[PDB]
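The file protein-v2.cif comes next; it holds mmCIF, N, CA and C atoms.
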data_my_file
#
loop_
_atom_site.label_atom_id
_atom_site.label_comp_id
_atom_site.auth_asym_id
_atom_site.auth_seq_id
_atom_site.Cartn_x
_atom_site.Cartn_y
_atom_site.Cartn_z
N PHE A 9 -56.44 15.37 103.87
CA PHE A 9 -57.22 14.25 104.39
C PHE A 9 -58.63 14.76 104.67
N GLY A 10 -59.47 14.73 103.63
CA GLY A 10 -60.87 15.07 103.80
C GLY A 10 -61.57 14.16 104.78
N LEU A 11 -61.06 12.94 104.94
CA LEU A 11 -61.61 12.02 105.93
C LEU A 11 -61.51 12.59 107.34
N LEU A 12 -60.40 13.25 107.65
CA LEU A 12 -60.21 13.79 108.98
C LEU A 12 -61.24 14.86 109.33
N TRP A 13 -61.74 15.59 108.33
CA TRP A 13 -62.71 16.65 108.62
C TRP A 13 -63.95 16.09 109.30
N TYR A 14 -64.33 14.86 108.97
CA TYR A 14 -65.48 14.23 109.61
C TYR A 14 -65.09 13.45 110.85
N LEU A 15 -63.94 12.77 110.80
CA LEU A 15 -63.47 12.01 111.96
C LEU A 15 -63.33 12.89 113.19
N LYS A 16 -62.92 14.15 113.02
CA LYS A 16 -62.76 15.04 114.16
C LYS A 16 -64.06 15.26 114.93
N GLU A 17 -65.22 14.93 114.35
CA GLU A 17 -66.49 15.18 115.01
C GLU A 17 -66.90 14.07 115.97
N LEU A 18 -66.22 12.93 115.92
CA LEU A 18 -66.52 11.85 116.85
C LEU A 18 -66.16 12.27 118.26
N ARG A 19 -67.07 12.01 119.20
CA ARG A 19 -66.69 12.19 120.60
C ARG A 19 -65.91 10.96 121.08
N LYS A 20 -65.36 11.07 122.29
CA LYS A 20 -64.35 10.11 122.74
C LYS A 20 -64.86 8.68 122.63
N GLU A 21 -66.07 8.41 123.11
CA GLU A 21 -66.54 7.03 123.11
C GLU A 21 -66.84 6.55 121.69
N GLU A 22 -67.35 7.44 120.85
CA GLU A 22 -67.63 7.05 119.47
C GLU A 22 -66.35 6.72 118.72
N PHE A 23 -65.29 7.49 118.97
CA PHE A 23 -64.01 7.23 118.32
C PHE A 23 -63.40 5.90 118.79
N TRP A 24 -63.54 5.58 120.08
CA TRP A 24 -63.02 4.29 120.54
C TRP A 24 -63.72 3.14 119.82
N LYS A 25 -65.06 3.20 119.72
CA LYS A 25 -65.79 2.19 118.96
C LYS A 25 -65.33 2.14 117.52
N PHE A 26 -65.09 3.30 116.92
CA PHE A 26 -64.67 3.36 115.52
C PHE A 26 -63.37 2.59 115.32
N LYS A 27 -62.42 2.78 116.23
CA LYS A 27 -61.17 2.05 116.11
C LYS A 27 -61.37 0.56 116.35
N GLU A 28 -62.19 0.17 117.34
CA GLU A 28 -62.42 -1.26 117.55
C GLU A 28 -63.04 -1.91 116.32
N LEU A 29 -64.00 -1.22 115.68
CA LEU A 29 -64.63 -1.78 114.49
C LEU A 29 -63.63 -1.96 113.35
N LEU A 30 -62.64 -1.07 113.24
CA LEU A 30 -61.61 -1.19 112.20
C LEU A 30 -60.78 -2.47 112.33
N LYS A 31 -60.62 -2.99 113.55
CA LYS A 31 -59.80 -4.18 113.73
C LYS A 31 -60.57 -5.47 113.53
N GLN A 32 -61.89 -5.39 113.46
CA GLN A 32 -62.74 -6.56 113.36
C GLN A 32 -63.04 -6.86 111.90
N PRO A 33 -63.51 -8.07 111.58
CA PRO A 33 -63.74 -8.40 110.16
C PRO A 33 -64.72 -7.44 109.51
N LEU A 34 -64.29 -6.87 108.38
CA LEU A 34 -65.12 -5.96 107.59
C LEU A 34 -65.91 -6.80 106.60
N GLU A 35 -67.06 -7.30 107.05
CA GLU A 35 -67.87 -8.27 106.25
C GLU A 35 -68.62 -7.61 105.09
N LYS A 36 -68.94 -6.32 105.18
CA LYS A 36 -69.73 -5.69 104.09
C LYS A 36 -68.85 -5.39 102.87
N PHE A 37 -67.53 -5.37 103.02
CA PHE A 37 -66.66 -5.04 101.86
C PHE A 37 -65.60 -6.12 101.61
N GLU A 38 -65.54 -7.16 102.45
CA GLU A 38 -64.55 -8.23 102.27
C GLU A 38 -63.14 -7.66 102.13
N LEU A 39 -62.84 -6.64 102.93
CA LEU A 39 -61.51 -6.08 103.03
C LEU A 39 -60.82 -6.62 104.28
N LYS A 40 -59.51 -6.49 104.31
CA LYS A 40 -58.75 -6.93 105.48
C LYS A 40 -58.84 -5.87 106.57
N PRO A 41 -59.13 -6.26 107.80
CA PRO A 41 -59.20 -5.27 108.88
C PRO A 41 -57.83 -4.65 109.10
N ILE A 42 -57.83 -3.49 109.75
CA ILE A 42 -56.53 -2.89 110.09
C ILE A 42 -55.87 -3.76 111.16
N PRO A 43 -54.65 -4.22 110.95
CA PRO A 43 -53.98 -5.01 111.99
C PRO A 43 -53.95 -4.24 113.29
N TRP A 44 -54.34 -4.92 114.37
CA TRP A 44 -54.59 -4.21 115.62
C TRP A 44 -53.33 -3.54 116.16
N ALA A 45 -52.15 -4.12 115.89
CA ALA A 45 -50.92 -3.53 116.41
C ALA A 45 -50.72 -2.10 115.90
N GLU A 46 -51.28 -1.76 114.74
CA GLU A 46 -51.08 -0.43 114.17
C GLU A 46 -51.95 0.64 114.81
N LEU A 47 -52.97 0.24 115.57
CA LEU A 47 -53.91 1.23 116.15
C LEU A 47 -53.62 1.47 117.64
N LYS A 48 -52.39 1.20 118.08
CA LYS A 48 -52.01 1.41 119.50
C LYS A 48 -51.93 2.92 119.76
N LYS A 49 -52.77 3.42 120.67
CA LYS A 49 -52.84 4.87 121.00
C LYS A 49 -52.93 5.67 119.69
N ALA A 50 -53.94 5.40 118.86
CA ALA A 50 -54.04 6.14 117.62
C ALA A 50 -54.92 7.37 117.83
N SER A 51 -54.42 8.53 117.42
CA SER A 51 -55.20 9.76 117.45
C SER A 51 -56.07 9.85 116.20
N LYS A 52 -56.92 10.88 116.14
CA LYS A 52 -57.81 11.00 115.00
C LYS A 52 -57.02 11.19 113.71
N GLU A 53 -55.99 12.03 113.76
CA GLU A 53 -55.13 12.22 112.59
C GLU A 53 -54.47 10.91 112.17
N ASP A 54 -53.95 10.15 113.13
CA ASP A 54 -53.28 8.89 112.79
C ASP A 54 -54.24 7.94 112.09
N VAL A 55 -55.50 7.90 112.53
CA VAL A 55 -56.46 6.99 111.92
C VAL A 55 -56.74 7.40 110.48
N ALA A 56 -56.89 8.71 110.25
CA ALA A 56 -57.07 9.19 108.88
C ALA A 56 -55.94 8.70 107.98
N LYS A 57 -54.70 8.71 108.49
CA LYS A 57 -53.58 8.22 107.69
C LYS A 57 -53.67 6.72 107.46
N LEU A 58 -54.04 5.96 108.49
CA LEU A 58 -54.14 4.52 108.33
C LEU A 58 -55.23 4.14 107.33
N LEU A 59 -56.35 4.88 107.33
CA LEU A 59 -57.40 4.59 106.37
C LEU A 59 -56.91 4.79 104.94
N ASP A 60 -56.10 5.82 104.69
CA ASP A 60 -55.61 6.07 103.34
C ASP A 60 -54.50 5.10 102.94
N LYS A 61 -53.75 4.56 103.91
CA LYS A 61 -52.74 3.54 103.63
C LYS A 61 -53.37 2.21 103.27
N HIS A 62 -54.40 1.80 104.01
CA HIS A 62 -54.99 0.47 103.90
C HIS A 62 -56.11 0.38 102.88
N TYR A 63 -56.92 1.43 102.74
CA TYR A 63 -58.08 1.39 101.86
C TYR A 63 -58.07 2.58 100.90
N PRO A 64 -57.03 2.71 100.07
CA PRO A 64 -56.89 3.92 99.25
C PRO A 64 -58.01 4.03 98.23
N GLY A 65 -58.32 5.27 97.87
CA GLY A 65 -59.37 5.51 96.90
C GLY A 65 -60.73 5.60 97.56
N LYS A 66 -61.77 5.16 96.85
CA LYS A 66 -63.11 5.24 97.40
C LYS A 66 -63.31 4.33 98.61
N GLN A 67 -62.42 3.34 98.80
CA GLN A 67 -62.62 2.33 99.84
C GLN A 67 -62.65 2.96 101.22
N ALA A 68 -61.66 3.81 101.53
CA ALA A 68 -61.61 4.45 102.84
C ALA A 68 -62.91 5.18 103.15
N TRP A 69 -63.49 5.85 102.16
CA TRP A 69 -64.75 6.55 102.39
C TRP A 69 -65.89 5.56 102.59
N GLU A 70 -65.90 4.48 101.81
CA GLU A 70 -66.92 3.46 101.98
C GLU A 70 -66.88 2.90 103.40
N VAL A 71 -65.68 2.54 103.88
CA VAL A 71 -65.55 1.97 105.22
C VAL A 71 -65.96 2.99 106.27
N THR A 72 -65.35 4.18 106.22
CA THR A 72 -65.63 5.20 107.22
C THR A 72 -67.12 5.48 107.32
N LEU A 73 -67.78 5.72 106.18
CA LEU A 73 -69.20 6.03 106.20
C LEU A 73 -70.02 4.89 106.80
N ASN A 74 -69.67 3.65 106.46
CA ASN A 74 -70.38 2.51 107.03
C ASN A 74 -70.20 2.46 108.55
N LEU A 75 -69.01 2.80 109.03
CA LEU A 75 -68.77 2.79 110.47
C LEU A 75 -69.50 3.92 111.16
N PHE A 76 -69.56 5.10 110.52
CA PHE A 76 -70.38 6.19 111.04
C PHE A 76 -71.78 5.69 111.34
N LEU A 77 -72.35 4.91 110.42
CA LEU A 77 -73.70 4.40 110.64
C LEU A 77 -73.74 3.43 111.82
N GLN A 78 -72.69 2.64 112.01
CA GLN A 78 -72.72 1.66 113.10
C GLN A 78 -72.54 2.30 114.47
N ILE A 79 -71.95 3.49 114.55
CA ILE A 79 -71.75 4.13 115.85
C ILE A 79 -72.76 5.26 116.08
N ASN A 80 -73.84 5.29 115.30
CA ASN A 80 -74.94 6.26 115.47
C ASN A 80 -74.49 7.70 115.20
N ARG A 81 -73.74 7.89 114.12
CA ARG A 81 -73.43 9.24 113.65
C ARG A 81 -73.96 9.42 112.23
N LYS A 82 -75.23 9.10 112.02
CA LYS A 82 -75.77 9.27 110.68
C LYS A 82 -75.75 10.73 110.26
N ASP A 83 -75.64 11.66 111.22
CA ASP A 83 -75.46 13.07 110.86
C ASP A 83 -74.20 13.26 110.03
N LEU A 84 -73.11 12.60 110.41
CA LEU A 84 -71.87 12.70 109.64
C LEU A 84 -71.97 11.98 108.30
N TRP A 85 -72.67 10.83 108.26
CA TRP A 85 -72.94 10.18 106.98
C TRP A 85 -73.60 11.15 106.01
N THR A 86 -74.67 11.79 106.45
CA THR A 86 -75.43 12.65 105.54
C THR A 86 -74.57 13.82 105.05
N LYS A 87 -73.73 14.37 105.93
CA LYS A 87 -72.87 15.48 105.53
C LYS A 87 -71.86 15.05 104.49
N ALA A 88 -71.30 13.85 104.66
CA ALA A 88 -70.30 13.34 103.73
C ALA A 88 -70.91 13.07 102.37
N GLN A 89 -72.10 12.46 102.34
CA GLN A 89 -72.79 12.27 101.07
C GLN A 89 -73.02 13.61 100.37
N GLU A 90 -73.41 14.63 101.14
CA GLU A 90 -73.70 15.95 100.56
C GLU A 90 -72.47 16.53 99.88
N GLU A 91 -71.30 16.44 100.53
CA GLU A 91 -70.05 16.86 99.89
C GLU A 91 -69.79 16.07 98.61
N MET A 92 -69.97 14.75 98.65
CA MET A 92 -69.72 13.94 97.46
C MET A 92 -70.68 14.29 96.33
N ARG A 93 -71.97 14.49 96.63
CA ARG A 93 -72.89 14.92 95.58
C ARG A 93 -72.51 16.27 95.01
N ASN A 94 -72.03 17.19 95.86
CA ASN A 94 -71.68 18.50 95.32
C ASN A 94 -70.49 18.40 94.36
N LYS A 95 -69.58 17.45 94.60
CA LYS A 95 -68.45 17.27 93.71
C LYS A 95 -68.86 16.70 92.36
N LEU A 96 -70.01 16.05 92.26
CA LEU A 96 -70.44 15.46 90.99
C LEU A 96 -71.06 16.47 90.04
N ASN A 97 -71.39 17.67 90.52
CA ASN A 97 -71.88 18.72 89.65
C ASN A 97 -70.70 19.42 88.98
#
Representation of the structure as structure tokens:
Amino acid sequence: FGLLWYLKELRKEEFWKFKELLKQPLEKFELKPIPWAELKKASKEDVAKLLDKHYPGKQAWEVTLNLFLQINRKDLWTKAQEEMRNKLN
């Protein structure tokens, strides 16, 4: 779960916002939000698994990166893009 490598960097309040945003309408991608019942006491590892269950493929990364921007972690956005660009070489 390469997603978890970045998710682990969220501090407590940023992670709470991240989970709340996952349950709300995802208007930029017209995807279905994660049903709220599934995020009851979800740890960082659990969220990484839910992202891969619900938004497999590039979708999970698209969602996660967009949420990073909404919770003011553009540092993590930039790091994730850098990894993805390095994979294209």
Quiz item: When the PyMOL selection byres ((chain A and resi 31) around 6) is applied to the file above, which residues end up in the set, as a ChimeraX atom specification?
Solution: /A:27-30,32-33,41-44
Practice problem: Given the file shown, enumerate the residues that the PyMOL selection byres (((chain A and resi 57-59 and name CA) around 12) and name CA) captures and present them as a ChimeraX atom specification. | Solution: /A:9-12,15,26-27,30-31,39-48,50-56,60-73
Quiz item: What does the distance from CA of residue 75 (chain A) to CA of residue 89 (chain A) come to in Å, to one decimal?
Solution: 13.9 Å
Practice problem: Up to 6 Å from (-69.1, 6.3, 114.9) in the file's coordinates: name the residues, counting only C-alpha atoms, as a count of residues only. | Solution: 7
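CA of residue 85 (chain A) is positioned 14.5 Å from atom N of residue 23 (chain A).
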Enclose the full set of atoms of region 41-47 of chain A listed in the file within a box whose edges lie along x, y and z, apply 3 Å of padding to each of the six sides, and report centre and edge lengths in Å to one decimal as JSON.
{"center_x": -55.0, "center_y": -2.4, "center_z": 112.7, "size_x": 14.5, "size_y": 13.7, "size_z": 15.8}
Self-check item: Which of chain A fall in alpha helix (DSSP H), as a VMD selection string
Solution: chain A and resid 10 to 15 20 to 31 52 to 62 66 to 78 82 to 96
Quiz item: What does the distance between CA of residue 20 (chain A) and CA of residue 74 (chain A) come to in Å, to one decimal place?
Solution: 18.5 Å
